[PDB]
Amino acid sequence: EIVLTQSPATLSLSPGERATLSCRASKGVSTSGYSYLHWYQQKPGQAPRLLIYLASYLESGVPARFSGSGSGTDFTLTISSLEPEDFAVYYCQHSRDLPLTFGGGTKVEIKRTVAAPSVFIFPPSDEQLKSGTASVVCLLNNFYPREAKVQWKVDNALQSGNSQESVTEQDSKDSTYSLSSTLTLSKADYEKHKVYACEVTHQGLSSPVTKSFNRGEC
Amino acid sequence: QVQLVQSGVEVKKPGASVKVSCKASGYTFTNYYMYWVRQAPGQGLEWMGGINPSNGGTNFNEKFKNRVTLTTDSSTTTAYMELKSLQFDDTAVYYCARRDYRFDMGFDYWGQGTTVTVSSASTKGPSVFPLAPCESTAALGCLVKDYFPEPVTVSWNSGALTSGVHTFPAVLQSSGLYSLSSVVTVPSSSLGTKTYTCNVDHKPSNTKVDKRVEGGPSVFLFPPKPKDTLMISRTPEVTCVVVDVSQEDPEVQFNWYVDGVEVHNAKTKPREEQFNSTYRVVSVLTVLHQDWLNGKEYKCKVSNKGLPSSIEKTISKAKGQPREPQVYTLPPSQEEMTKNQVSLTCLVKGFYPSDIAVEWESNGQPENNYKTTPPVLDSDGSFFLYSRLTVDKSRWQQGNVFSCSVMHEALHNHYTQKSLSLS
Ligand SMILES: *[C@@H]1O[C@H](CO)[C@@H](O[C@@H]2O[C@H](CO)[C@@H](O[C@@H]3O[C@H](CO[C@H]4O[C@H](CO)[C@@H](O)[C@H](O)[C@@H]4O[C@@H]4O[C@H](CO)[C@@H](O)[C@H](O)[C@H]4NC(C)=O)[C@@H](O)[C@H](O[C@H]4O[C@H](CO)[C@@H](O)[C@H](O)[C@@H]4O[C@@H]4O[C@H](CO)[C@@H](O)[C@H](O)[C@H]4NC(C)=O)[C@@H]3O)[C@H](O)[C@H]2NC(C)=O)[C@H](O)[C@H]1NC(C)=O
Ligand SMILES: OC[C@H]1O[C@@](CO)(O[C@H]2O[C@H](CO)[C@@H](O)[C@H](O)[C@H]2O)[C@@H](O)[C@@H]1O
Ligand SMILES: OC[C@H]1O[C@@](CO)(O[C@H]2O[C@H](CO)[C@@H](O)[C@H](O)[C@H]2O)[C@@H](O)[C@@H]1O
Ligand SMILES: Cn1c(=O)c2c(ncn2C)n(C)c1=O
């Protein structure tokens with residue numbers, strides 16, 4: 001099959017700036033004067049919307065600021081001046097042959113000044129502990145950019161497989177991200193150790209930030 | 001009026017089958033292929049197959065060619081997608097999309113999406129646990145654990161608390177039940193005074209729970225010059241200046257709002273190093289003359305890595321009924337005539353707001369040797385001021401005319417004048 005690779009995975013820009021999105025096919029998608037390469041916009045919870053068809057043709061009703069170009073294996077989508085409504089995900093798709101394939105998408109995101117996360121650790125409640133479970137929640141609040149690593153240490157032992165992350169959408173007012181990591185244990189396993197630590201790394205932190213508590217001393 | 005209306009949420013058990021429909025209207029069904037595309041949680045788009053509604057001919061993706069059946073009912077112009085032997089990784093949004101049969105111009109129209117969730121779980125209400133700590137800002141929240149199906153909505157203090165709230169998207173656990181957290185950040189000082197309650201609603205189980213959970217840069221915002229907002233020839237501007245920006249964080253950022261709406265036409269000046277090892281940076285928003293005069297609020301939000309949170313500053317024209325200035329010119333005192341220079345006075349009073357411009361001229365050329373007092377509040381709520389022009393006694397004795405000109409929004413043509421002369 002023809003594989004489409006979009007780059008960059010994330011594009012960080014400001015309203016008014018020129019956005020340039022790249023799409024590269026593993027095999028050529030051009031034949032007989034046309035390139036079978038089309039662009040779509042997807043907003044969270046909404047169905048994709050056709051922007052550009054056949055590499056460079058503007059779909060009826062799409063704003064003039066959207067333009068496509070390229071041929072063979074290399075394609076570009078340009079937004080001449082970003083509007084607040086254009087911060088979304090963009091996919092390329094070919095139809096040179098079957099199977100039809102899409103690229104992995106490119107997120108056009110609002111750029112802003114680096115903001116370090118405020119890190120908080122929350123021990124499990126006495127209510128949850130009556131049932132045989134313990135959830136330790138770590139919150140990384142209002143940070144930018146999106147990239148962050150969170151590690152759990154139980155008595156300085158690095159954990160794996162027993163935690164899940166969840167990230168919010170970029171904030172409509174301050175353009176930041178928030179993240180939560182939840183370490184899950186049985187009450188039996190929670191009672192075996194005493195130091196529960198959350199170690200966070202982010203561009204905005206010169207050294208990792210570790211938040212912890214001592215089980216029983218709360 | 002082209003429409004592609006898909007069927008609603010599907011919650012199915014592993015091994016079962018689902019059948020999604022796509023109701024088409026506003027076009028000739030026959031002229032277009034109907035395609036099916038799925039999107040797994042947090043993943044991209046995947047083409048499954050397409051059907052020709054005239055002859056029923058199909059094309060598939062090899063991954064789906066043996067579990068998917070595509071059919072069309074031309075009477076009810078509906079396309080259908082049957083996915084059999086459902087696996088847990090079949091959880092996704094399924095889209096039908098049309099493609100022109102005659103000439104390929106992409107998937108020009110898509111249905112709204114049909115969420116299919118493959119799960120051995122049955123309806124279950126969440127357990128709600130408080131998230132409270134064991135620093136100027138405090139964090140608190142609610143862990144909404146083990147519920148099925150989605151969604152749960154979380155509010156704080158019955159919708160009174162909206163600022164600083166983050167309700168995280170749910171995580172599917174190993175058990176097949178969802179779980180999420182809702183947090184809020186608040187001033188640590190409030191913890192004693194204020195109460196915080198999270199209101200959890202899970203409509204599928206009819207569950208409702210209300211759980212009680214128990215030095216840097218500085219910004220100055222300047223209004224436009226009063227003459228600028230009153231003359232269409234001049235350009236009025238609001239100015240945001242941030243001082244005490246660290247040598248370690250040159251991060252120059254401004255966001256501007258007019259009556260709470262963001263605008264992008266401000267011009268940020270280049271960073272300026274100060275004699276006290278800090279930077280100074282200015283942003284200039286040009287304003288509409290009538291927007292300043294109609295009382296629109298101009299907000300400047302400053303962001304920097306050295307600011308734990310953004311510094312907002314607002315500025316508008318003073319509220320209250322505009323009142324018109326009264327202009328009186330008073331000649332020099334006879335006791336001042338024993339001097340080489342004399343004082344021409346201009347009394348401007350009874351005006352509101354205090355934004356005004358006062359100047360002097362003679363023979364249509366500016367007289368720049370004057371000083372004006374700042375406006376002073378009167379007991380009736382209006383302002384007043386005096387302007388003093390220093391003239392050579394000679395100039396006055398020759399009967400040359402001097403003029404005190406005043407510019408204020410409440411005046412007709414924003415302008416008035418009073419002349420002064422030796423009788
Ligand atoms: C390092 O070196 C820096 C440079 O020397 C230095 O910067 C200086 O920092 C101080 C604060 O620390 C800042 O002071 C403020 O000044 C406001 C007026 O500034 C005018 O006028 C001065 C001259 O008097 C000029 O030098 C300024 O540049 C500025 O000029 C204006 O600029 C605009 C735009 O370019 C032009 O359009 C104007 O025409 C022009 N005007 C003139 C006359 O030329 C002053 O208003 C501030 O006062 C308010 O805050 C004080 C607390 O900080 C309060 O005590 C005071 O009451 C005022 O409170 C306000 O009151 C309002 C209600 O009445 C409220 O709505 C407001 O919210 C409230 N404000 C606040 C914050 O609460 C203030 O004195 C200097 O201006 C600044 N200098 C420059 C050149 O930028 C750094 O501080 C040095 N750092 C260190 C560590 O030493
Ligand atoms: O937009 C189609 C086509 O028009 C050209 C000129 O042939 O550019 C014009 O239109 C743009 C959008 O309105 C303007 O920004 C530009 O100044 C104007 O010349 C082409 O460049 C474009 O492909
Ligand atoms: O031309 C588009 C756009 O460019 C800006 C960017 O600040 O400035 C240009 O025009 C100036 C003259 O008005 C030049 O001095 C400058 O070099 C040039 O970039 C805007 O003013 C203008 O809208
Ligand atoms: C594919 N295609 C179009 O879709 C098109 C066009 N001119 C206008 N349109 C819309 N041309 C020349 C074209 O080749």
Side-chain angles (χ1 to χ4, degrees), chain A residues 14-20 35 39 51-71 75-83 86, chain B residues 215-230 234-246 248-250 252 254 256 263-287 292 295 297-302 304 306-307 309-320 353-359 371-377 383 385:
Chain A
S14 289
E17 298 194 307
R18 167 173 263 253
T20 288
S35 300
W39 299 89
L51 302 170
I52 301 296
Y53 63 97
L54 295 168
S56 53
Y57 299 88
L58 186 66
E59 157 72 0
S60 169
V62 179
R65 60 179 187 277
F66 289 90
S67 82
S69 74
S71 50
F75 295 92
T76 304
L77 168 74
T78 301
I79 305 179
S80 55
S81 174
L82 280 156
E83 285 311 314
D86 302 337
Chain B
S218 277
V219 185
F220 301 93
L221 181 59
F222 298 86
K225 283 160 84 133
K227 231 208 296 196
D228 292 349
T229 66
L230 297 172
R234 305 186 103 83
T235 305
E237 310 174 314
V238 170
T239 315
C240 203
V241 329
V242 57
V243 297
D244 293 332
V245 171
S246 323
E248 306 133 320
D249 300 305
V252 290
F254 299 88
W256 285 98
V263 301
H264 308 286
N265 62 316
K267 238 264 80 199
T268 304
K269 290 195 180 150
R271 206 183 283 115
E272 285 129 15
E273 300 149 46
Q274 304 297 290
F275 285 76
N276 54 20
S277 87
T278 65
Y279 299 111
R280 173 173 183 276
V281 43
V282 181
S283 180
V284 189
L285 182 66
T286 287
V287 307
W292 179 270
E297 303 207 343
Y298 294 86
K299 187 165 188 155
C300 183
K301 173 201 281 191
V302 177
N304 184 255
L307 268 167
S309 89
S310 310
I311 303 298
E312 295 195 334
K313 290 294 174 174
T314 310
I315 206 170
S316 36
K317 191 197 87 198
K319 300 181 194 245
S354 65
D355 309 331
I356 198 161
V358 170
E359 280 168 29
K371 294 280 185 154
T372 301
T373 71
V376 178
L377 191 64
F383 295 84
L385 62 73

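Computation of the quantities below employed the complete heavy-atom set of this structure, encompassing side-chain atoms and omitting hydrogens, waters and symmetry-equivalent molecules. So that the names make sense, note that chain A is the first sequence line, chain B the second, and so on, each numbered from 1. Atoms within each ligand, like the ligands themselves, are counted from 1 in listed order.
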Look up atom CG in A/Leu82 and atom NE2 in B/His264, then write down how far apart they are to the nearest 0.5 Å. 10.5 Å
My question is simple, although I want it checked carefully: is atom 27 (C) of ligand 1 less than 4.0 angstrom from any protein heavy atom? no
To atom 86 (N) of ligand 1, the nearest of B/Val238, B/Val241, B/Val243, B/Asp244 on a heavy-atom basis is B/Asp244
Is at least one protein non-hydrogen atom found at under 4.0 angstrom from atom 46 (O) of ligand 1? no
Have a look at ligand 1 and work out which part of B/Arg280, if any, has a heavy atom under 4.0 Å from it: side chain, backbone, both or neither. side chain
Given B/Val241, which partner from the list B/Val281, B/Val219, B/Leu221, B/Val282 fulfils the side-chain contact (heavy atoms from CB on, under 4.5 Å) test? B/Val282
Given B/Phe222, B/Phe275, B/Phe220, which has its nearest heavy atom closest to atom 14 (O) of ligand 1? B/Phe220
Element-labelled atoms of ligand 1 that are located less than 4.0 Å from some non-hydrogen atom of B/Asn276: 1 (C), 2 (O), 3 (C), 83 (C), 85 (C), 86 (N), 87 (C), 89 (O)
Ignoring hydrogens and angles, tell me if any N or O in the side chain of B/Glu237 forms a donor-acceptor pair with the backbone of B/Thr235 under 3.5 Å. no
Output the list of atoms in ligand 1 that are nearer than 4.0 Å to some heavy atom of B/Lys313, sorted by atom number. 72 (C)
The residue among B/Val245, B/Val242, B/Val243 that forms side-chain contact (heavy atoms from CB on, under 4.5 Å) with B/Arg280 is B/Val243
When you measure from the side chain of B/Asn304 to the backbone N and O of B/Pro250, does any donor-acceptor pair fall under 3.5 Å? no
Going through the distances and angles, do A/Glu83 and A/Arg65 end up as a side-chain contact (heavy atoms from CB on, under 4.5 Å)? CA-CA 9 Å; A/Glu83 285 311 314; A/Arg65 60 179 187 277; 3.5 Å; yes
